[PDB]
Every structure is written in C-alpha cells, then in structure tokens.
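# Structural overview
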Amino acid sequence: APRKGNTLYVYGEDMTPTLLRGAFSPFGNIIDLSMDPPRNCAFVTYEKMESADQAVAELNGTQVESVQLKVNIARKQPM
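What you see is numbering from 1 along each chain in written sequence order, possibly unlike the entry, with residues lacking coordinates removed. Hydrogens and waters are ignored; side-chain quantities use all the structure's heavy atoms.

- Method-wise, the PDB entry is recorded as coming from solution NMR.

Quick look at the structure:
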C-alpha cells in the first residue's frame, strides 16, 4: 500500500545534487530526490520518518565551505 512518506524542504544558495546527496545520503536512503534550480531549493524524501527528523535537525543550523543551507517541512496543504 502507498504511504505518505516524508519529504523535507531544503533551501540554500549554489546548491548541487552531489552535495545534497551527501547531506542526505548518510542520513538514510532517499526513495525520491528532487531539486529546484529556479527557486534555489531542493526536496529530500526519506523512507523513514526518523531519517528526515534526524537529517533536518543535524542539517538545520549548518554551514558549507562558505554557504548556509536551510531545512524546512513541506506544508500539509498543496501549493
């Protein structure tokens, strides 16, 4: 049966897939990975709800070689 799953909202500047994959690869396996180049945002889906909460708490409040990323939760209401 289908499950709601748990997609996380990722925001930041100059963000790439290889970088995000590593920012969510070790946090757990992703069933689907999406990225938004027009809004500079990215979406991360986790098969385990704990993989999203553990990655959102560890990824949230972090910095890169010289950039800052932001993790948020998708709104229940559809855009």
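Right, picking up where we left off after that structure.
### Focus on the overall build of the protein
- Strands are runs of DSSP state E lasting at least two residues, helices are runs of H or I lasting at least four, and both sets are numbered from the N terminus onward. When helices and strands are counted, the protein shows 2 helices and 4 strands.
- Counted from the first residue to the last, the protein has its helices and strands arranged as β-α-β-β-α-β.
- Here the C-alpha radius of gyration of the protein, 12 Å, is about what a compact globule of 79 residues would show, namely 12 Å.
- In terms of principal-axis extent, the alpha carbons of the protein reach across some 40 × 30 × 20 Å. Radius of gyration here is computed from C-alpha atoms only, and the compact-globule reference equals 2.2 Å multiplied by the residue count raised to the power 0.38.

### Structural notes on the sheet that holds strand β4 (residues 70-73)
- A pair of strands is treated as paired once DSSP finds two or more bridges between them. Spatially, the 4 strands line up as an open sheet ordered β2-β3-β1-β4, and their pairing is antiparallel. Of all the strands in the sheet, the pair left with one neighbour each is β2 (33-36) and β4. Neighbour-to-neighbour, the strand axes of this sheet turn through a mean angle of 25°, independent of strand direction.
- Here strand β1 (residues 7-11) runs beside β4; their pairing, made up of 4 bridges, is antiparallel. The partner of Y11 across the bridge, within β4, is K70. Helix axes are fitted to C-alpha atoms over the stretch in contact, other axes to C-alpha atoms as well, and angles between N-to-C directions run from 0 to 180 degrees.

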